[PDB]
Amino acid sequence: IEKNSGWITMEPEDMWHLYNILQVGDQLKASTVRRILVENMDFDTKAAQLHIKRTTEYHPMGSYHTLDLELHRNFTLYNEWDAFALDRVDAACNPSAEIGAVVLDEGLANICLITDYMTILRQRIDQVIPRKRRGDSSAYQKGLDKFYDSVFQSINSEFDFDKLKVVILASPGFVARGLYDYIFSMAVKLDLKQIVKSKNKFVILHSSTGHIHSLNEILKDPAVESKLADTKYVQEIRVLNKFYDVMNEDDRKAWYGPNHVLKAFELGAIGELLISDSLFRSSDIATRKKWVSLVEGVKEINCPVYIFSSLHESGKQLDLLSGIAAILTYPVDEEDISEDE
């Protein structure tokens, strides 16, 4: 397929890999309804669709189209296949374990499906729970039962319990234990063979909040280490926390931000310490080149590189801290500007 430039012809995650692969200036084609210069990519996070946006071939030319990608039917790409561009186009396919995760607090639920490269929010449930009146607890109780019923209904439609290896329930208080009991009662009452088969796969965890970032708390929980440690999403949580442990020991051994990591790379500072983000997929060619180079640079020496997926909470967190960070091998003193807002 690949001489020296070319083209390639080729799971819902594979739409994501492609989103990363695609670049403005590229050309591709497949079936649609009525070959384009790629100008816009649009990934519906939820997550069937990939929308790619003019007509660069025969027309039985110079007018916009949009592709709306299919998942099993194939397509054809198109001059500079980057080292990054190639490690994704090569990743999946060829592939290799899905996880359901419900983060809740009292009137709040986040229903997530998690894979190696993706965390997707299937349902947010946000209901107002009236407070307990010191003489009356009805409005609270009725509000609480509507909520229990709501997440139940949601997971029961969102989750396919044959596919997932684990479904986690996590809350700060009693909600997650209350739910586990509620789920399986109702599923025994009504006859729901799907869930009753899956009881062994459910784990109930502590969590500080019912907000999504709480996902970095678990899936690092010891109780779930056994079943999950070989996943990308846990690997990202580890490294990030490894990064934090060092920040904590010596703030001269943990850098973050573009101008900081580059600087660190000019020195010998960089080691088991590339924490880099898929979100470096800019359209400016000049500025794509440098990240590919840096990753190549640390890769040609024997130091790990971690390209976090911007979809995970871990990855989101890495983005907030401008999407590069690095641990260091020695303590370095400096004072660099970082070029942002």
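When you see a residue number, it is the position in the sequence shown, counting from 1.
The deposited sequence places 1 to 3 unmodelled residues between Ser96 and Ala97. Mean CA temperature factor is higher for 24-32 when stretches 309-317 and 24-32 are set side by side in the entry. The deposited model assigns a higher average Cα B-factor to 155-163 than to the other stretch when 155-163 and 170-178 are compared. Highest CA B-factor among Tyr117, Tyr78, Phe202, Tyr148, as stated in the entry: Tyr78. Residues shown: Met247, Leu262, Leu192, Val89. Highest C-alpha temperature factor in the entry: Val89.
Split the chain's modelled residues into thirds by C-alpha temperature factor. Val239 is in the middle one.
The entry lists a Cα temperature factor for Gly107 that places it in the lowest third of the chain's modelled residues. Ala229: CA B factor lies in the middle third for its chain, per the PDB record. Ranked by Cα temperature factor within the chain, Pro130 sits in the lowest third according to the deposited record. Sorting the modelled residues of the chain by their CA temperature factor places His211 in the lowest third.
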